[PDB]
């Protein structure tokens, strides 16, 4: 059956992540609490959910376009490892001139299942320059 993003509620305050459409990049993450982010300040915003990411991705906590364009809100950190079972936190940066209010139940970020490799690492003495990175046209 279909790839599952599994989550559990760590409190009565959490909201189940949501997606408006089958092909949205991200699940909506919701604050579990009220915060006041002063101008040029940060806060760790708790969702009170834990997630089990599907195999072959990390969870990227990614900014909302609206919050970026209208209120100069960004997302710091944002790497959730496959093995992370703790409370999912959103590191919100307020770069705006005005304070940014978070209320419990507010949509503050989206969770994207970014497909990655988990490569083995190999030391060599020197990398040769690439084909596409050397020589002239032809």
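Numbering follows the first chain given and starts at 1.
Trainee: Compare the mean C-alpha B-factor of 36-44 with that of 54-62 as given in the PDB entry, and name the stretch with the higher value.
Mentor: According to the PDB entry, the answer is 36-44.
Trainee: Comparing residue 26 with the other modelled residues of its chain, is its CA B-factor in the lowest, middle or highest third?
Mentor: According to the entry, residue 26 has a C-alpha B-factor in the chain's lowest third.
Trainee: Report the third (lowest, middle or highest) to which the CA temperature factor of residue 83 belongs, ranking only the modelled residues of the same chain.
Mentor: Within its chain, residue 83 is a middle-third residue by C-alpha B-factor, going by the deposited values.
Trainee: Going by the CA temperature factor in the PDB record, which third of the chain does residue 129 belong to: lowest, middle or highest?
Mentor: Highest third.
Trainee: Once the chain's modelled residues are ordered by C-alpha B factor and cut into thirds, is residue 123 in the lowest, middle or highest one?
Mentor: Answer is middle: the recorded C-alpha B-factor places it there.
Trainee: Splitting the chain's C-alpha B-factors into thirds, which one does residue 76 fall into?
Mentor: For residue 76, the deposited C-alpha B-factor lands in the middle third.
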